[PDB]
């Protein structure tokens, strides 16, 4: 019925998918990239993370229900009185492979299928039937490629689907990304539609693309972080007021230097004012994954990296028949993906709370003849595998979602591997190194097209400029976390403070809030080995010191989840 979209090859050993836990993570990642290529459900950063958090939670409890863990316990218990939180019981079901399969297939089906359950109005109603059909191909195919096969008649398989139903019913946020009712309030430091993509024309009817179109101003998930059910966090998380706002409105020198730096480090390639280096351009594009065709969102890359870390540091050589390895991955991916989910909730909550402007607009609309540049252009979020120009993600700047996701994800890996891969203090540089890590943004295959993307053809048969293939080696998760955060500065899409306190990542000078520059005028960063996310700030509405930027927020979120052992967010503290 549909022409299957030809997906490019993934840079990763085929041996990885011989382990059924990695297999299902993989299918989750394939659905992630395909929904961003066809415009289906669970698009965007916060919600694409949630989909992975829900998949792994279900896989987690189904597996540990059949092979009970020694230290921790299942996220939900079978003995809980509260129905919503009551885990189904196996009752003789004892096939862990089939329970995971049923749980992964059910969750992924429930998440990505055409909502025939009637309740689909306005939730995400703008998805064509092709989008749905393309995602169905991925689902059907996955049943066929699953290592060990899939037995739908199996009691263990049925038990798994039962597990998924509970998690879906409890944690699904059908209308989470609703933009309905939100409109920007222009003014200094205020988020508004970005000048290079002020409005978009979208077909009136998704199932009628070449028919009429209508103007559209997109605001990504403005009510989500403030209303959605948290996963495993045990408290609300907050950041300090960004420079220029509220209690930090007097941080004039900090703000102004942030403008200077923004221009020199994140401008477009050919601008005279751009002092960023070719290598720094690489670090910026490496971590993008900005909802592009055949690429998806950041959570997809974070997982690609985590899969690599898991195989490199596994306890047993056998990827196919090792319960030790199965247990390790089910636990790790649940921890990392639940942390990613919550990182997404809180970074989005803060974004829309402060509604801080993007550097493109903060620079153009500065208003001061000697400080602003009313015609500046950023390197921008790359629109890979399209023929479109770079863009500014459709949501406020503070804090950076990438920085939060990275802080959460990599702080989780560190807490998990400390003592296994090396030894270090909780908040100090780790030993978790990896090599041969390739980003899909720079793999010698993906490209910037010269004509609109053709979904019926392989990317290699489509004219455009190919992204240089860069194979990377990283010394630690600290470096991964750090580079992922500063990547948004090189792209010009985030202010330094959206990442972390300037004081924690930049080299100071004798002038306050003004950091070091080299001869060509480029910003000098602290060595990764020396970076400590310790600089806090104040809030107008709350007492005390709070972290600055996304990195500390994510770290804080991962520590809390881990220290509590992956346990539900108490309902008493859920948004109401």
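Positions refer to the first chain, counted from 1.
Between 222-230 and 481-489, the higher mean Cα B-factor belongs to 222-230. When the two stretches 366-374 and 89-97 are set side by side, the higher mean Cα temperature factor goes to 89-97. Note on the listed residues 309, 471, 202, 360: the highest Cα temperature factor in the record is that of 202. Within the selection 265, 171, 294, 214, the deposited Cα B-factor values reach their highest point at 214. The deposited CA B-factor of residue 541 belongs to the highest third of values across its chain. For residue 180, the recorded CA B-factor ranks within the highest third of the chain. Only modelled residues enter the ranking. Ranked by Cα temperature factor within the chain, residue 289 sits in the lowest third according to the deposited record. Per-chain ranking of the deposited C-alpha B factor places residue 458 in the lowest third. Residue 391: CA B factor in the lowest third of modelled residues in this chain (values from the PDB entry).
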